[PDB]
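Enquirer: I have a structure I would like to understand better, so I am pasting it below and will then ask my questions one at a time.
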Amino acid sequence: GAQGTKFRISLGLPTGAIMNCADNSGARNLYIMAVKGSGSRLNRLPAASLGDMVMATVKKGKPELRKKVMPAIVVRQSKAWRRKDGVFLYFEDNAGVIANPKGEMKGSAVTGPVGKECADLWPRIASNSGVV
Amino acid sequence: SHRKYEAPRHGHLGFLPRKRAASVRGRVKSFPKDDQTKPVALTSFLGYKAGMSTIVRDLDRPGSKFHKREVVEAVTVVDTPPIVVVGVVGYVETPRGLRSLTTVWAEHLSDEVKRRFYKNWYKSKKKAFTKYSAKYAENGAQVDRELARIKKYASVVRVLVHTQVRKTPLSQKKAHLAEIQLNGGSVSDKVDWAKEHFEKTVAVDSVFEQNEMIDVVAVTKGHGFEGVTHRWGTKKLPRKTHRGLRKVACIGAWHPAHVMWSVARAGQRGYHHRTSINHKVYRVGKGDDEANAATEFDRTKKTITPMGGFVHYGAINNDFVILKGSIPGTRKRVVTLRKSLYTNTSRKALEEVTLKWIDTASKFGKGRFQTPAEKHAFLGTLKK
Amino acid sequence: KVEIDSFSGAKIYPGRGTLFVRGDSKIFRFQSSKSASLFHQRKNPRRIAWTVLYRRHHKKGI
């Protein structure tokens, strides 16, 4: 599903970690339950990190989204990650869009900016993204 | 009963036991094996770790997302003053390993070296190599037989070398001796090679070339004693716990009724001898040069010494090796740089490195600027 | 490139200092934590004597 090789970034969103939703689709926020492509070390949490698909749940929103597990992508982080180019960066927030496993969006747009990493990894978020 | 959450183990077993390592010299144990086609050359080299800086380099990994881009990589810098070949050793293939047959030295040994053989030089009357230097008086009769002897037997010839410590910034005086193998075709050539090199020096430029993997060998930093959690990397016990946290809880179990050797417990950390490996070299600088750091791209005449010296180390007024990434050891510490023992066709090793830029900024702070020149321009000027 | 501080005007050489992205998708490169941590304290560059943006609107050493 994920279009390309996700280069590593600092882990920011462990489990639970709610994050604002960046899509219009009316997940008012997302609770990171679990992370896709997580390892599995005894007594350590699944950490999401920008781009990593997660399996969120909507803790607040319109209830057609609520009380059902559903995948989502983290498009913003705030734990300052390092680009291989040399810089660090970090957004003012952690945030994601709710998605399907194919990497397509629920919502037709994305508020705020997105990480170029996240844009590179999925075609669709770059499309629904403004600033990257 | 049984484990329950069969988690992977803390600490590498192999790197036990965690002593201090008898020396502070890297002491390369193994050298590359043979090459009859190739000429005689030093397998290794002794440096002095100056510290670290960034580099901004291109990137020629076709297929990586970062292909054809500026990419900051960290980097150590290692002073490498011209080595001084001082002696030869021999070694014979016994059943019970190797065994040194003999040593020959120079006529004259620098007070750099001689100092190594004393602990109280200042008191001594400095007879290290005198009656030996008087072997050479008889034309060269006793010496020729010694080097003949090696040339006769001797599977392997290690050349004693030593470190110019008078071309460093170190308060040290005592130079570091070292054996280093030669790996050329034939021993008759090796011995003759090193017979033509007593007292004579060896620059790095000769041994290592730019864009070449180098298995660096050093003594790691230091620390001293150290509790489990920080040495082995175990979990702390929960905050609630009586009699403290930074601890393994349950060593072993009733039977066997001894503490296993595989159990994490505290005492020395660091000061360990770690060869590392595959440390690519990015540049091979020179002492009689300004504009060492200056690239094909940059063209700003500046030295690889950062602003106000490498912290602790000192300056650099010398030939050096820019290595990629970290290296075991401190600054000031001797690092024995050794050629890799095998042909890497990793592509990573093969990438024709070209430095785009180097960070010459002060490391004793947060340096905004690279040169003082630039600091005049930027500030203006003034007021002093 | 050699970028510049959006808090205190200083040069930011490659592989040094942060970037940062505000909610409006604006960027703010910082040299240090100093310049950063004033921006994350909400303080006005125009009032910090060591910035350029102070030393410009006071006219210092032009």
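Lettering and numbering for the structure tokens are positional, with chains as A, B, ... in the shown order, residues counted from 1 in each chain, and ligands counted from 1 in the shown order.
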Find the residues around range 186-197 of chain B up to 10 Å (only C-alpha atoms counted), leave out those fewer than 5 positions away in its own chain, and share them as JSON, numbers by chain.

Expert: {"B": [34, 35, 36, 37, 39, 40, 41, 84, 85, 86, 87, 88, 89, 90, 104, 105, 106, 144, 147, 148, 150, 151, 152, 153, 154, 155, 156, 157, 158, 159, 160, 161, 181, 202]}

Enquirer: Could you please write out, as a list in words, every residue of range 133-185 of chain B that DSSP assigns to strand (DSSP E or B)?

Expert: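 Here are the strand (DSSP E or B) residues of range 133-185 of chain B: residues 156, 158, 159, 160, 161, 162, 163, 177, 178, 179, 180, 181 and 182 of chain B.
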
Enquirer: Write to file, as a PDB file, in the first residue's frame, the residues of the selection just made, with N, CA and C atoms.

Expert:
```
ATOM      1  N   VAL B 156      56.427 -13.854   9.131  1.00  0.00           N
ATOM      2  CA  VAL B 156      55.785 -12.565   9.225  1.00  0.00           C
ATOM      3  C   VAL B 156      56.747 -11.547   9.803  1.00  0.00           C
ATOM      4  N   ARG B 158      56.692  -7.755  11.333  1.00  0.00           N
ATOM      5  CA  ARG B 158      56.032  -6.583  11.826  1.00  0.00           C
ATOM      6  C   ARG B 158      57.045  -5.518  12.049  1.00  0.00           C
ATOM      7  N   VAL B 159      56.703  -4.327  11.599  1.00  0.00           N
ATOM      8  CA  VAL B 159      57.596  -3.219  11.685  1.00  0.00           C
ATOM      9  C   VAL B 159      57.187  -2.462  12.901  1.00  0.00           C
ATOM     10  N   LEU B 160      58.137  -2.306  13.811  1.00  0.00           N
ATOM     11  CA  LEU B 160      57.989  -1.360  14.892  1.00  0.00           C
ATOM     12  C   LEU B 160      57.987   0.052  14.335  1.00  0.00           C
ATOM     13  N   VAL B 161      57.148   0.871  14.929  1.00  0.00           N
ATOM     14  CA  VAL B 161      56.819   2.173  14.430  1.00  0.00           C
ATOM     15  C   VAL B 161      56.744   2.998  15.682  1.00  0.00           C
ATOM     16  N   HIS B 162      56.688   4.312  15.546  1.00  0.00           N
ATOM     17  CA  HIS B 162      56.276   5.151  16.654  1.00  0.00           C
ATOM     18  C   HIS B 162      55.723   6.483  16.252  1.00  0.00           C
ATOM     19  N   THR B 163      55.014   7.067  17.203  1.00  0.00           N
ATOM     20  CA  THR B 163      54.174   8.219  16.972  1.00  0.00           C
ATOM     21  C   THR B 163      54.949   9.492  17.246  1.00  0.00           C
ATOM     22  N   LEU B 177      54.861   3.250  20.859  1.00  0.00           N
ATOM     23  CA  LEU B 177      55.361   2.215  19.966  1.00  0.00           C
ATOM     24  C   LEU B 177      54.248   1.299  19.534  1.00  0.00           C
ATOM     25  N   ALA B 178      54.483   0.627  18.421  1.00  0.00           N
ATOM     26  CA  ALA B 178      53.516  -0.306  17.879  1.00  0.00           C
ATOM     27  C   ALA B 178      54.172  -1.192  16.848  1.00  0.00           C
ATOM     28  N   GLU B 179      53.888  -2.478  16.933  1.00  0.00           N
ATOM     29  CA  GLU B 179      54.044  -3.330  15.785  1.00  0.00           C
ATOM     30  C   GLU B 179      52.905  -3.081  14.804  1.00  0.00           C
ATOM     31  N   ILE B 180      53.211  -3.258  13.529  1.00  0.00           N
ATOM     32  CA  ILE B 180      52.249  -3.142  12.456  1.00  0.00           C
ATOM     33  C   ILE B 180      52.757  -4.085  11.412  1.00  0.00           C
ATOM     34  N   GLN B 181      51.903  -4.942  10.879  1.00  0.00           N
ATOM     35  CA  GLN B 181      52.371  -5.859   9.846  1.00  0.00           C
ATOM     36  C   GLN B 181      52.670  -5.140   8.553  1.00  0.00           C
ATOM     37  N   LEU B 182      53.581  -5.721   7.785  1.00  0.00           N
ATOM     38  CA  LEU B 182      53.713  -5.428   6.370  1.00  0.00           C
ATOM     39  C   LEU B 182      53.100  -6.610   5.660  1.00  0.00           C
TER      40      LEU B 182
END
```

Enquirer: In range 343-379 of chain B, what's helix (DSSP H, G or I) per DSSP? Answer as a PyMOL selection string?

Expert: chain B and resi 372-379

Enquirer: Measure the distance from CA of residue 112 in chain A to CA of residue 96 in chain A in Å and round it to one decimal.

Expert: 10.3 Å

Enquirer: Which residues are near range 68-72 of chain A? Cut-off 8 Å, only C-alpha atoms, ignore same chain within fewer than 5 positions. Put them as a list in words.

Expert: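 Selected residues are residues 53, 54, 55, 56, 57, 58, 96, 97, 98, 99, 100 and 101 of chain A.
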
Enquirer: So that I can check the surroundings of residue 6 in chain C, please list as a PyMOL selection string every protein, DNA and RNA residue that reaches within 7 Å of it, counting only C-alpha atoms and ignoring chain neighbours fewer than 3 positions away.

Expert: chain C and resi 9+28-30

Enquirer: Show which residues sit within 10 Å of range 5-13 of chain A, as a ChimeraX atom specification. Count only C-alpha atoms, and ignore same-chain residues fewer than 3 positions away.

Expert: /A:2,16-19,31-32,35,45-52,54,74,76-84,94-95,117-118,120-122 /B:63-66

Enquirer: Would you write out those residues with C-alpha atoms, as a compact mmCIF listing (two decimals), in the first residue's frame?

Expert:
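Result file out_31.txt:
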```
# COMPACT_ATOMS: atom_id res chain seq x y z
CA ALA A 2 2.63 2.54 1.09
CA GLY A 16 -2.89 6.09 23.49
CA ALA A 17 -1.42 9.39 22.41
CA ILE A 18 -4.37 11.25 21.01
CA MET A 19 -3.72 13.54 18.13
CA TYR A 31 -6.42 7.91 19.68
CA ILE A 32 -3.47 5.84 18.60
CA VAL A 35 0.84 0.99 14.98
CA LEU A 45 4.95 0.54 23.47
CA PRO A 46 4.08 0.69 19.84
CA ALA A 47 5.35 4.06 18.71
CA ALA A 48 3.71 5.54 15.64
CA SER A 49 5.78 8.41 14.23
CA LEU A 50 4.81 10.50 11.19
CA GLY A 51 4.03 8.46 8.08
CA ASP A 52 3.64 5.21 10.01
CA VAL A 54 -1.62 3.42 12.77
CA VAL A 74 0.25 10.45 11.13
CA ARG A 76 2.38 15.73 11.76
CA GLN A 77 4.45 14.90 14.79
CA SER A 78 6.06 17.48 17.14
CA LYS A 79 8.69 15.13 18.53
CA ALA A 80 11.52 16.77 16.73
CA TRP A 81 12.82 14.41 14.12
CA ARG A 82 15.99 14.67 12.12
CA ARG A 83 16.04 14.68 8.37
CA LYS A 84 18.97 12.95 6.71
CA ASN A 94 0.88 15.67 16.46
CA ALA A 95 -1.84 14.98 13.91
CA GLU A 117 8.22 12.34 4.39
CA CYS A 118 4.52 11.65 4.86
CA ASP A 120 6.47 11.10 -0.21
CA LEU A 121 5.31 7.84 1.33
CA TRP A 122 1.62 8.11 0.28
CA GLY B 63 17.73 4.05 -5.47
CA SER B 64 17.85 5.90 -2.14
CA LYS B 65 15.35 8.74 -1.80
CA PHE B 66 18.30 11.03 -1.01
```

Enquirer: Would you list which chain C residues are within 7 Å of chain A using only C-alpha atoms, as a list in words?

Expert: residues 14, 15, 16, 18, 19, 20, 21, 22, 23, 24 and 25 of chain C

Enquirer: Would you write out those residues with N, CA and C atoms, as a PDB file, in the first residue's frame?

Expert:
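Written file, result_7.pdb:
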```
ATOM      1  N   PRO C  14      24.551  24.392   7.339  1.00  0.00           N
ATOM      2  CA  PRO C  14      23.816  23.157   7.167  1.00  0.00           C
ATOM      3  C   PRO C  14      24.272  22.114   8.153  1.00  0.00           C
ATOM      4  N   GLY C  15      23.288  21.429   8.724  1.00  0.00           N
ATOM      5  CA  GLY C  15      23.513  20.571   9.865  1.00  0.00           C
ATOM      6  C   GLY C  15      23.836  21.404  11.087  1.00  0.00           C
ATOM      7  N   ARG C  16      22.860  22.205  11.496  1.00  0.00           N
ATOM      8  CA  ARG C  16      22.943  22.946  12.737  1.00  0.00           C
ATOM      9  C   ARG C  16      21.619  23.603  12.972  1.00  0.00           C
ATOM     10  N   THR C  18      17.557  24.159  14.451  1.00  0.00           N
ATOM     11  CA  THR C  18      16.301  23.523  14.093  1.00  0.00           C
ATOM     12  C   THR C  18      15.657  24.158  12.883  1.00  0.00           C
ATOM     13  N   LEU C  19      14.571  23.518  12.476  1.00  0.00           N
ATOM     14  CA  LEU C  19      13.489  24.130  11.757  1.00  0.00           C
ATOM     15  C   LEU C  19      12.301  24.032  12.713  1.00  0.00           C
ATOM     16  N   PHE C  20      11.161  24.601  12.351  1.00  0.00           N
ATOM     17  CA  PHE C  20       9.928  24.446  13.125  1.00  0.00           C
ATOM     18  C   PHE C  20       8.762  24.926  12.299  1.00  0.00           C
ATOM     19  N   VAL C  21       7.627  24.265  12.457  1.00  0.00           N
ATOM     20  CA  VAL C  21       6.461  24.556  11.658  1.00  0.00           C
ATOM     21  C   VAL C  21       5.281  24.902  12.556  1.00  0.00           C
ATOM     22  N   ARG C  22       4.811  26.132  12.423  1.00  0.00           N
ATOM     23  CA  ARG C  22       3.692  26.630  13.182  1.00  0.00           C
ATOM     24  C   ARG C  22       2.415  26.137  12.516  1.00  0.00           C
ATOM     25  N   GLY C  23       1.299  26.232  13.238  1.00  0.00           N
ATOM     26  CA  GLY C  23      -0.029  25.829  12.741  1.00  0.00           C
ATOM     27  C   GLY C  23      -0.514  26.435  11.427  1.00  0.00           C
ATOM     28  N   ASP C  24      -0.008  27.620  11.081  1.00  0.00           N
ATOM     29  CA  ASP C  24      -0.287  28.248   9.783  1.00  0.00           C
ATOM     30  C   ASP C  24       0.614  27.749   8.644  1.00  0.00           C
ATOM     31  N   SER C  25       1.415  26.715   8.910  1.00  0.00           N
ATOM     32  CA  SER C  25       2.369  26.172   7.948  1.00  0.00           C
ATOM     33  C   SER C  25       3.507  27.146   7.601  1.00  0.00           C
TER      34      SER C  25
END
```

Enquirer: Between B:338, B:127, B:286, B:235, which residue has the minimum interatomic distance to residue 46 in chain B, considering only C-alpha atoms?

Expert: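 Closest to residue 46 in chain B of all the choices is B:338.
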
Enquirer: Hey, what's within 9 Å of residue 289 in chain B if we count only C-alpha atoms and toss same-chain stuff fewer than 2 positions away? As JSON, numbers by chain, please?

Expert: {"B": [285, 286, 287, 291, 292, 303, 317, 318, 319]}

Enquirer: Just to confirm, what's the straight-line distance from CA of residue 102 in chain A to CA of residue 23 in chain A in Å (one decimal)?

Expert: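 Going from CA of residue 102 in chain A over to CA of residue 23 in chain A covers 16.7 Å.
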
Enquirer: Would you write out, as JSON lines, a table of all residues in chain B that have an atom no more than 8 Å from an atom of chain A, listing for each the closest atom pair and the distance in Å to one decimal, considering only C-alpha atoms and ordering rows by chain and rising residue number?

Expert:
```
{"residue": "B:5", "atom": "CA", "partner": "A:42", "partner_atom": "CA", "distance": 6.7}
{"residue": "B:6", "atom": "CA", "partner": "A:42", "partner_atom": "CA", "distance": 7.9}
{"residue": "B:7", "atom": "CA", "partner": "A:42", "partner_atom": "CA", "distance": 5.6}
{"residue": "B:8", "atom": "CA", "partner": "A:41", "partner_atom": "CA", "distance": 7.8}
{"residue": "B:65", "atom": "CA", "partner": "A:5", "partner_atom": "CA", "distance": 7.8}
{"residue": "B:66", "atom": "CA", "partner": "A:85", "partner_atom": "CA", "distance": 8.0}
{"residue": "B:69", "atom": "CA", "partner": "A:85", "partner_atom": "CA", "distance": 7.8}
{"residue": "B:70", "atom": "CA", "partner": "A:85", "partner_atom": "CA", "distance": 6.2}
{"residue": "B:71", "atom": "CA", "partner": "A:85", "partner_atom": "CA", "distance": 4.2}
{"residue": "B:72", "atom": "CA", "partner": "A:86", "partner_atom": "CA", "distance": 4.7}
{"residue": "B:73", "atom": "CA", "partner": "A:86", "partner_atom": "CA", "distance": 7.4}
```

Enquirer: So that I have them on file, write out the residues from the current selection with N, CA, C and O atoms, as a CSV table (one decimal), in the first residue's frame.

Expert:
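The result, stored in out.csv:
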```
chain,number,residue,atom,x,y,z
B,5,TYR,N,7.3,-13.8,29.3
B,5,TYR,CA,7.4,-12.9,28.1
B,5,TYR,C,8.9,-13.0,27.7
B,5,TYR,O,9.7,-12.2,28.1
B,6,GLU,N,9.1,-13.9,26.8
B,6,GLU,CA,10.4,-14.4,26.5
B,6,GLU,C,11.1,-13.3,25.7
B,6,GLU,O,11.1,-13.3,24.5
B,7,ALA,N,11.7,-12.4,26.5
B,7,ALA,CA,12.2,-11.1,25.9
B,7,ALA,C,13.7,-11.3,25.6
B,7,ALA,O,14.4,-12.1,26.2
B,8,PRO,N,14.2,-10.5,24.6
B,8,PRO,CA,15.6,-10.7,24.2
B,8,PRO,C,16.5,-10.2,25.2
B,8,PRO,O,16.2,-9.2,25.9
B,65,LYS,N,16.1,7.5,-1.6
B,65,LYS,CA,15.4,8.7,-1.8
B,65,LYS,C,16.2,10.0,-1.8
B,65,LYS,O,15.8,11.0,-2.3
B,66,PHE,N,17.4,9.9,-1.1
B,66,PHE,CA,18.3,11.0,-1.0
B,66,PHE,C,19.4,11.1,-2.1
B,66,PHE,O,20.4,11.7,-1.9
B,69,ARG,N,21.9,14.7,-3.5
B,69,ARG,CA,21.5,15.8,-2.6
B,69,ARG,C,22.6,16.1,-1.6
B,69,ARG,O,23.5,15.2,-1.4
B,70,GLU,N,22.5,17.2,-1.0
B,70,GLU,CA,23.4,17.6,0.2
B,70,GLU,C,22.8,16.8,1.4
B,70,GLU,O,21.6,16.7,1.5
B,71,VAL,N,23.7,16.1,2.1
B,71,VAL,CA,23.3,15.3,3.3
B,71,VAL,C,24.3,15.4,4.3
B,71,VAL,O,25.5,15.0,4.1
B,72,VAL,N,24.0,16.0,5.5
B,72,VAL,CA,24.9,16.1,6.6
B,72,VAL,C,25.2,14.8,7.2
B,72,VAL,O,24.3,14.0,7.5
B,73,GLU,N,26.5,14.5,7.3
B,73,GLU,CA,27.0,13.3,8.0
B,73,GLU,C,27.9,13.8,9.0
B,73,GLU,O,28.7,14.8,8.8
```

Enquirer: Any idea which chain C residues end up within 8 Å of chain B if we count only C-alpha atoms, as a ChimeraX atom specification please?

Expert: /C:10-15,31-32,61

Enquirer: Tell me, in Å to one decimal, how far CA of residue 339 in chain B is from CA of residue 277 in chain B.

Expert: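 Taking CA of residue 339 in chain B as the start and CA of residue 277 in chain B as the end point, the length is 9.3 Å.
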
Enquirer: Just want the 6 Å neighbourhood of residue 128 in chain A, counted on only C-alpha atoms, with same-chain residues fewer than 3 positions away dropped. Output as an mmCIF file with N, CA, C and O atoms, in the first residue's frame.

Expert:
```cif
data_model
loop_
_atom_site.group_PDB
_atom_site.id
_atom_site.type_symbol
_atom_site.label_atom_id
_atom_site.label_comp_id
_atom_site.auth_asym_id
_atom_site.auth_seq_id
_atom_site.Cartn_x
_atom_site.Cartn_y
_atom_site.Cartn_z
ATOM 1 N N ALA A 109 -9.759 16.511 1.983
ATOM 2 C CA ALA A 109 -8.757 17.546 2.191
ATOM 3 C C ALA A 109 -7.938 17.260 3.429
ATOM 4 O O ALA A 109 -8.231 16.317 4.161
ATOM 5 N N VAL A 110 -6.898 18.069 3.642
ATOM 6 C CA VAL A 110 -6.072 17.998 4.850
ATOM 7 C C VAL A 110 -5.683 19.390 5.334
ATOM 8 O O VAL A 110 -4.989 20.128 4.630
ATOM 9 N N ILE A 125 -2.101 11.704 0.299
ATOM 10 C CA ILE A 125 -1.994 12.770 1.285
ATOM 11 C C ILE A 125 -1.299 13.986 0.696
ATOM 12 O O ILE A 125 -1.719 15.103 0.962
#
```
